[PDB]
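Chains as they are written, first to last, in the deposited numbering: chain Sa, 2 to 105; chain SW, 2 to 130; chain SR, 3 to 130; chain SA, 3 to 210; chain B, 127 to 147; chain SV, 1 to 86; chain SC, 40 to 255. For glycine and all other residues, C-beta sits at the position ideal for the given N, C-alpha and C.
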Amino acid sequence: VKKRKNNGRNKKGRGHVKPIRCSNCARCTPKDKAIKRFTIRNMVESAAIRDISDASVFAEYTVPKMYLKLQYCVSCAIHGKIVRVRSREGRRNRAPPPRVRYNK
Amino acid sequence: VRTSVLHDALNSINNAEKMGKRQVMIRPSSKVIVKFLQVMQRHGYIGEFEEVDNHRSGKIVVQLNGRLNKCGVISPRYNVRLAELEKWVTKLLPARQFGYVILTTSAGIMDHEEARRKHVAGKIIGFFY
Amino acid sequence: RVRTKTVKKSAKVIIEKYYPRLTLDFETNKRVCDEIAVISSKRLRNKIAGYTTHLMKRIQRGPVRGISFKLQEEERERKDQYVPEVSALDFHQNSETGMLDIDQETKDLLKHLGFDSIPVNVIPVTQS
Amino acid sequence: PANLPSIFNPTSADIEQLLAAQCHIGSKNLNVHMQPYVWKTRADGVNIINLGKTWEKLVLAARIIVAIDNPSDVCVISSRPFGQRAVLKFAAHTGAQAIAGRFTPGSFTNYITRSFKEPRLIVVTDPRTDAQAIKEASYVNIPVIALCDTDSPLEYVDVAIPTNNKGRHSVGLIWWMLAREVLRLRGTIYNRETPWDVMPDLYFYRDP
Amino acid sequence: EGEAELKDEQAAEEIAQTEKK
Amino acid sequence: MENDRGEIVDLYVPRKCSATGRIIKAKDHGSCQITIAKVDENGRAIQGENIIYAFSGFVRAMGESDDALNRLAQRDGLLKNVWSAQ
Amino acid sequence: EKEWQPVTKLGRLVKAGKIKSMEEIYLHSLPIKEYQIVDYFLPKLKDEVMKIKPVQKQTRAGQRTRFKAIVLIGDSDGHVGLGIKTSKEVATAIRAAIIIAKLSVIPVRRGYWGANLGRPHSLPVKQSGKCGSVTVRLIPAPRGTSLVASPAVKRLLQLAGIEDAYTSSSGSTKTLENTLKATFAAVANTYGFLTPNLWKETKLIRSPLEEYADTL
RNA sequence: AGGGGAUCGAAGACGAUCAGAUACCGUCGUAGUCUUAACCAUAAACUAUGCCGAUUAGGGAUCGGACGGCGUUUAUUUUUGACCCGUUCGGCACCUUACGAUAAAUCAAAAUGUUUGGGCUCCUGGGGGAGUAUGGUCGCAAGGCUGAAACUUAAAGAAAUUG
Ligand SMILES: [Mg+2]
Ligand SMILES: [Mg+2]
Ligand SMILES: [Mg+2]
Ligand SMILES: [Mg+2]
Ligand SMILES: [Mg+2]
Ligand SMILES: [Mg+2]
Ligand SMILES: [Mg+2]
Ligand SMILES: [Mg+2]
Ligand SMILES: [Mg+2]
Ligand SMILES: [Mg+2]
Ligand SMILES: [Mg+2]
Ligand SMILES: [Mg+2]
Ligand SMILES: [Mg+2]
Ligand SMILES: [Mg+2]
Ligand SMILES: [Mg+2]
Ligand SMILES: [Mg+2]
Ligand SMILES: [Mg+2]
Ligand SMILES: [Mg+2]
Ligand SMILES: [Zn+2]
Numbered sequence: 002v003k004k005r006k007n008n009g010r011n012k013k014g015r016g017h018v019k020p021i022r023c024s025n026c027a028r029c030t031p032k033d034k035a036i037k038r039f040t041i042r043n044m045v046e047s048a049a050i051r052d053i054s055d056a057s058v059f060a061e062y063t064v065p066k067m068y069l070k071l072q073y074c075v076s077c078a079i080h081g082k083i084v085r086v087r088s089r090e091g092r093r094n095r096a097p098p099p100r101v102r103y104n105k
Numbered sequence: 002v003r004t005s006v007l008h009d010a011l012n013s014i015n016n017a018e019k020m021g022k023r024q025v026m027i028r029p030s031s032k033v034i035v036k037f038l039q040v041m042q043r044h045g046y047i048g049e050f051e052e053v054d055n056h057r058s059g060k061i062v063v064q065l066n067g068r069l070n071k072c073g074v075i076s077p078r079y080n081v082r083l084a085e086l087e088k089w090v091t092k093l094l095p096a097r098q099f100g101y102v103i104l105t106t107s108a109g110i111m112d113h114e115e116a117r118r119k120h121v122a123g124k125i126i127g128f129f130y
Numbered sequence: 003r004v005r006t007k008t009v010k011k012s013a014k015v016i017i018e019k020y021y022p023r024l025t026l027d028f029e030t031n032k033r034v035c036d037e038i039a040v041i042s043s044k045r046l047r048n049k050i051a052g053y054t055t056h057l058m059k060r061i062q063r064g065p066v067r068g069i070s071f072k073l074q075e076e077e078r079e080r081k082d083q084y085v086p087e088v089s090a091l092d093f094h095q096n097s098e099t100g101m102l103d104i105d106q107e108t109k110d111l112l113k114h115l116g117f118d119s120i121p122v123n124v125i126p127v128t129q130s
Numbered sequence: 003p004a005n006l007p008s009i010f011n012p013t014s015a016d017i018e019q020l021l022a023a024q025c026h027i028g029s030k031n032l033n034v035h036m037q038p039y040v041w042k043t044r045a046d047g048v049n050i051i052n053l054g055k056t057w058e059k060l061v062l063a064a065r066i067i068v069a070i071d072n073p074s075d076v077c078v079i080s081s082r083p084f085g086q087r088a089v090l091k092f093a094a095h096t097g098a099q100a101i102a103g104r105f106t107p108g109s110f111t112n113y114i115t116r117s118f119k120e121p122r123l124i125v126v127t128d129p130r131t132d133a134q135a136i137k138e139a140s141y142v143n144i145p146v147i148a149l150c151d152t153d154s155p156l157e158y159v160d161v162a163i164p165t166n167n168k169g170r171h172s173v174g175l176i177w178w179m180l181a182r183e184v185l186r187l188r189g190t191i192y193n194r195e196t197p198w199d200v201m202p203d204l205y206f207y208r209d210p
Numbered sequence: 127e128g129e130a131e132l133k134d135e136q137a138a139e140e141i142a143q144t145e146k147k
Numbered sequence: 001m002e003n004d005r006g007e008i009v010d011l012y013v014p015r016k017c018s019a020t021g022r023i024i025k026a027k028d029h030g031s032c033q034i035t036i037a038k039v040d041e042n043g044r045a046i047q048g049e050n051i052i053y054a055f056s057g058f059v060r061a062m063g064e065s066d067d068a069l070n071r072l073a074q075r076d077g078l079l080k081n082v083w084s085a086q
Numbered sequence: 040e041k042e043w044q045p046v047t048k049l050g051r052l053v054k055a056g057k058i059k060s061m062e063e064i065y066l067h068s069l070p071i072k073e074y075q076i077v078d079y080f081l082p083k084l085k086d087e088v089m090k091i092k093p094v095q096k097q098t099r100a101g102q103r104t105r106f107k108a109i110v111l112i113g114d115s116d117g118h119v120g121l122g123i124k125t126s127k128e129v130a131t132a133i134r135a136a137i138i139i140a141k142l143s144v145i146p147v148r149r150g151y152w153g154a155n156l157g158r159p160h161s162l163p164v165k166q167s168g169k170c171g172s173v174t175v176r177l178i179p180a181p182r183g184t185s186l187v188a189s190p191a192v193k194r195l196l197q198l199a200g201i202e203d204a205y206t207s208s209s210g211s212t213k214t215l216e217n218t219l220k221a222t223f224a225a226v227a228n229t230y231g232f233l234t235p236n237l238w239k240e241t242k243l244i245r246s247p248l249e250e251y252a253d254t255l
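See the structure below:
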């Protein structure tokens with residue numbers, strides 16, 4: 002049986018695509034098959050911003066950001082809880098999850 | 002490529018009727034197509050049809066009124082004697098009382114019943130009931 | 003401390019059958035229940051009386067779905083015949099002029115239907 | 003005019019209320035089956051319904067209702083809040099049961115449910131949100147009449163009245179005109195020319 | 127294995143009514 | 001209808017769909033009848049006089065019953081300029 | 040045991056004798072939901088049980104066994120039907136099966152092979168039906184031959200009133216439940232075939248439910 | 001067979017782990033990985049779905065070309081280009097639906113097939129023995145293509161349901 006209509010790959014209209022290296026175990030997987038996450042974060046955690054802020058010599062200061070793009074194989078993706086098993090009907094839903102905008 | 006214009010016409014008619022429509026369009030028109038429609042028309046299975054005349058081959062627009070179950074074509078036009086004509090009506094006709102098998106003979110094309118009256122045989126080209 | 007369906011179902015029927023005879027006081031409601039009901043346990047009677055007096059405390063401020071009594075019921079269809087003196091659809095009295103506003107191709111529909119004499123004001127609509 | 007006289011024309015007064023209630027405004031999405039009931043598409047905007055065909059279909063729907071022997075066999079349905087009051091008033095003026103709010107599926111199929119009915123006709127405010135009512139009608143042979151917008155499923159919908167179907171005023175007004183016609187064909191109003199004594203705003207919705 | 131009550135059913139007719147010797 | 005010596009032998013004669021002509025089978029739930037009243041000269045509805053139509057379940061499921069009724073109603077002089085062929 | 044109380048509008052009309060025969064119901068295609076309607080119009084309907092087969096279900100403690108029964112009925116004069124129901128008890132399942140069979144009684148159309156001489160004996164046309172990988176085909180036959188078919192489908196055709204026919208089978212016919220359901224669908228479609236003798240236009244009349252007034 | 005040989009790393013040597021560890025983990029490391037001139041012809045070489053033609057239902061996105069239109073932007077500025085609305089031809093795909101099809105999972109083809117015929121090529125006949133023995137042919141070799149029999153067995157296998 003086919004578990005997924007797209008074979009879990011997202012590759013139609015071409016024959017080959019160059020592989021990449023997994024960011025955790027350094028495995029080789031096709032680029033279209035890997036799970037990719039883009040992250041934007043601060044240099045320092047939120048508790049430490051005050052100590053840096055008043056120790057600066059530039060009056061008000063804005064700590065820079067850091068930009069990373071992590072990408073995993075599926076075996077390392079669901080062991081690190083990036084994604085998890087879904088139900089049979091819920092599998093065919095590709096909308097990104099609604100991030101919490103109220104936080105209780 | 003197009004190898005049987007008769008099959009395209011009969012297939013297109015069958016699809017539209019099965020879906021409950023009332024009119025059909027046929028892209029290529031030929032002498033055999035028109036002679037086939039005339040046999041169906043005289044038995045009430047279809048209505049008027051009109052032939053628009055483009056300079057290439059013309060088209061046909063047939064008017065449907067129900068009453069039609071199937072109309073098919075036999076692709077290899079076999080040779081049938083007069084004595085063995087009853088084998089075919091046993092094969093591809095729902096019942097003995099009604100239904101027609103179309104033949105082509107040297108005296109024009111006709112249904113399987115008129116050919117018996119004129120005592121003529123030939124080649125088989127299709128059927129409808 | 004959650005009350006089961008027997009306590010809750012029995013409290014519902016008491017309120018609607020005898021609404022005015024019992025009030026917000028718990029002590030009085032205790033004597034109301036045993037007269038108009040058949041209860042085989044004193045503890046069961048106490049729990050039923052406890053819930054019904056709780057229900058009317060929130061009834062005092064706005065009605066609650068799932069509850070209907072004659073005083074609440076009769077008041078509702080008194081309010082449902084409300085009707086103004088001038089119709090909202092009527093526009094001759096409304097606005098500084100009687101004529102209303104439509105777009106261009108609506109007026110063409112009026113001409114097609116034959117009601118050209120209707121007084122309207124046409125404004126073009128296009129964004130692109 | 004083999005079966006209708008000329009006294010059934012919309013007249014200037016009835017039309018004047020229709021476009022004042024925004025009954026000629028449709029949605030951007032256009033169903034293929036609703037193409038006949040379209041006058042023009044607005045430049046940079048929505049479609050526009052043909053009010054002339056709205057009146058014509060409305061009279062035809064009313065004529066079907068009168069043919070029913072006893073009025074109690076007609077059932078009228080609504081689920082959305084905007085149509086709750088208009089349906090109930092329609093049931094009181096004529097003879098009909100009204101189903102407002104939840105439908106309790108199994109009403110037309112199960113003979114032991116509390117809300118068991120055996121109607122001869124069904125009138126529906128909105129086919130999309132009342133799909134359960136239409137779905138169960140296909141099991142026991144009842145024709146369906148419904149109010150439809152530019153976009154609406156038309157499975158098992160024999161008679162369609164083109165209308166806004168979503169406006170606050172539009173839903174109420176259409177139900178009012180339909181009630182007036184039913185009484186006109188009977189002897190209640192006694193005349194086409196005489197006006198009715200009930201005000202159109204009675205068939206509206208109130209927030210509390 | 128529904129063969130226990132066929133001796134004295136008399137409320138239905140079976141396909142091959144078992145003849146008795 | 002069938003015959004042997006001129007007498008009918010069929011158990012019953014079924015009806016036909018008005019839109020397409022298909023036979024409406026027994027146990028074919030989803031097929032309905034539409035009865036439209038007949039009005040007199042002054043606008044009142046005549047009692048006992050009506051026009052009957054029948055539609056099969058197959059055409060109703062497709063969603064074509066609305067257009068089928070428009071063609072039949074306009075043909076019998078019940079409506080004006082609402083249905084046409086493009 | 041004692042007299043029944045009608046629950047539907049159709050049941051009340053039947054009890055008062057306001058409708059002539061069951062074909063009036065068939066003509067307008069109205070649903071039937073009360074088995075007392077059928078036996079009021081069609082007495083001497085014979086019933087005959089086909090077989091009973093156990094069905095299992097695995098649970099933590101053990102296996103749960105239920106009994107499934109197949110029953111078909113007919114009058115040998117153009118009416119036939121079958122019903123299937125399973126229950127925890129053999130006797131209970133049979134009683135419920137007979138009720139379901141009565142609710143599904145349908146008419147059959149019987150025609151002639153060649154020339155007509157009264158009392159049609161065979162199918163009018165050749166018809167076939169499919170129910171889950173089983174296909175059964177029926178062919179009209181001349182007078183004189185008997186029914187040529189397997190014992191399972193010969194019984195169903197016997198109770199439908201059809202006298203002479205030819206049969207053809209395909210697929211896994213050992214599934215008895217599927218075979219009977221396919222035959223029942225083939226016979227049911229005989230009235231669905233439009234022969235040229237039915238081309239004559241018919242007159243539409245109002246249904247009994249609309250033009251009668253029921254009791255309270 | 002020459003050139004090149006940074007990085008990774010079959011074989012190999014050690015360190016730990018373990019009852020054992022010729023492995024998983026760690027430190028090294030030869031052929032190989034790259035290029036020029038010649039051989040090899042196999043992959044889950046996959047959409048596990050051959051090629052040409054006709055007909056059958058609704059929807060919104062997108063890549064390439066043409067045609068129509070109200071404006072905004074902008075340049076030695078107009079016509080063009082960027083963005084917006086609609087029509088059409090040709091593509092890689094997707095969502096809903098079942099009148100239809102299938103054992104089912106599911107499919108706009110896997111539909112128009114017991115109411116069975118538009119044209120053409122290749123392949124399969126219960127499970128093992130077996131893609132093995134033998135003969136022939138191609139190759140420097142590794143191997144490729146073609147391809148049995150004796151004997152043995154009542155079940156292997158596919159889709160889905162409850163534990
Ligand atoms: Mg390509
Ligand atoms: Mg590949
Ligand atoms: Mg050398
Ligand atoms: Mg070298
Ligand atoms: Mg290294
Ligand atoms: Mg080693
Ligand atoms: Mg291979
Ligand atoms: Mg392959
Ligand atoms: Mg499409
Ligand atoms: Mg778009
Ligand atoms: Mg483009
Ligand atoms: Mg341009
Ligand atoms: Mg495109
Ligand atoms: Mg492409
Ligand atoms: Mg055969
Ligand atoms: Mg060899
Ligand atoms: Mg054994
Ligand atoms: Mg399996
Ligand atoms: Zn990894």
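**Study point:** Three-pair Cβ contact test at 8 Å for the stretch 175-192 of chain SC versus the stretch 243-254 of chain SC
**Key:** No, because fewer than three Cβ pairs between the stretch 175-192 of chain SC and the stretch 243-254 of chain SC fall closer than 8 Å, the two stretches do not touch.
**Study point:** Chain-order list of residues whose beta-carbon lies under 6 Å from that of SA/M36 (same chain, five-residue window excluded)
**Key:** Only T152 meet the Cβ criterion.
Check your understanding: Between SC/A136 and SC/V110, is the Cβ-Cβ spacing less than 8 Å?
Key -> Between SC/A136 and SC/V110, the gap from beta carbon to beta carbon is short of 8 Å.
Review point. Can you tell me whether DSSP reads SA/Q134 as helix, strand or coil?
Key: Here SA/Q134 sits in helix by DSSP.
**Study point:** Chain-order list of residues whose beta-carbon lies under 6 Å from that of SV/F58 (same chain, five-residue window excluded)
**Key:** Cβ contact annotation for SV/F58 (same chain, cutoff 6 Å, sequence separation greater than five): none.
Review point. Can a CB atom of chain SV be found closer than 8 Å to the CB of SC/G50?
Key: The C-beta of SC/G50 comes no closer than 8 Å to any C-beta of chain SV.
Point to revise | Any non-hydrogen atom of ligand 19 within 7 Å of Sa/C23 CB | key: The closest heavy atom of ligand 19 lies less than 7 Å from the beta carbon of Sa/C23.
Point to revise | the stretch 11-26 of chain SA / the stretch 67-85 of chain SA touching (three or more Cβ pairs under 8 Å) | key: With the rule of 3 Cβ pairs closer than 8 Å, the stretch 11-26 of chain SA does not count as touching the stretch 67-85 of chain SA.
**Study point:** Beta carbon proximity, SW/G21 to chain SV, threshold 8 Å
**Key:** Residue-level contact check: SW/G21 touches chain SV, since one or more beta carbons of chain SV fall below 8 Å from its beta carbon.
Check your understanding: Could you give the distance in angstroms between the alpha-carbon of SW/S58 and the alpha-carbon of SC/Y151?
Key -> Distance between SW/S58 and SC/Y151, taken at the CA atoms: about 46 Å.
Check your understanding: So is SC/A136 in contact with chain SA if we call contact Cβ pairs under 8 Å?
Key -> Put simply, the CB of SC/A136 is far from chain SA, with every gap to its CB atoms at 8 Å or more.
Review point. Taking the alpha-carbon positions, what's the SC/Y65 to SC/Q197 distance?
Key: Looking at the backbone, the Cα of SC/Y65 and that of SC/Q197 are separated by about 22 Å.
Exercise for review: Using DSSP bridges, identify the partner residues of SV/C32.
Suggested key: According to DSSP, SV/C32 bridges with SV/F55.
**Study point:** Beta-carbon neighbours of SC/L243, restricted to chain SV and to distances below 8 Å
**Key:** Within chain SV, the C-beta atoms nearer than 8 Å to that of SC/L243 come from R15, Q33, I52, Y53, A54, in chain order.
Practice item. Starting from the Cα of Sa/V64, find the closest Cα among Sa/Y73, Sa/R51, Sa/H17 and give me that residue. Key: Minimum Cα distance to Sa/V64 is reached at Sa/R51.
**Study point:** Cutoff 8 Å; reference SA/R87; Cβ partners in own chain excluding five residues on either side
**Key:** Scanning its chain for C-beta atoms nearer than 8 Å, with the 5 sequence neighbours on each side dropped, one finds around SA/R87 the residues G174, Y205, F206, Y207, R208, in chain order.
Exercise for review: Scan the stretch 153-181 of chain SA for residues whose Cβ lies nearer than 9 Å to a Cβ of chain SV and list them as they occur along the chain.
Suggested key: Cβ contacts with chain SV: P155, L156, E157, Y158, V159, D160, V161, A162.
Point to revise | chain B contacts made by the stretch 101-132 of chain SC, where a contact means CB separation under 7 Å | key: Only those residues of the stretch 101-132 of chain SC whose C-beta falls short of 7 Å from the nearest C-beta of chain B are listed: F106, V129, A130.
Practice item. Measuring only between beta-carbons, confirm whether SV/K25 sits less than 8 Å from chain SA. Key: No, SV/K25 lies away from the interface with chain SA (no Cβ there is under 8 Å from its Cβ).
Exercise for review: Taking only beta-carbon positions, decide if SC/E40 is within less than 8 Å of chain B.
Suggested key: Not one chain B Cβ lies under 8 Å of SC/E40.
Exercise for review: For SW/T106, name the three-state secondary structure that DSSP assigns.
Suggested key: Note: SW/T106 maps to strand in three-state DSSP.
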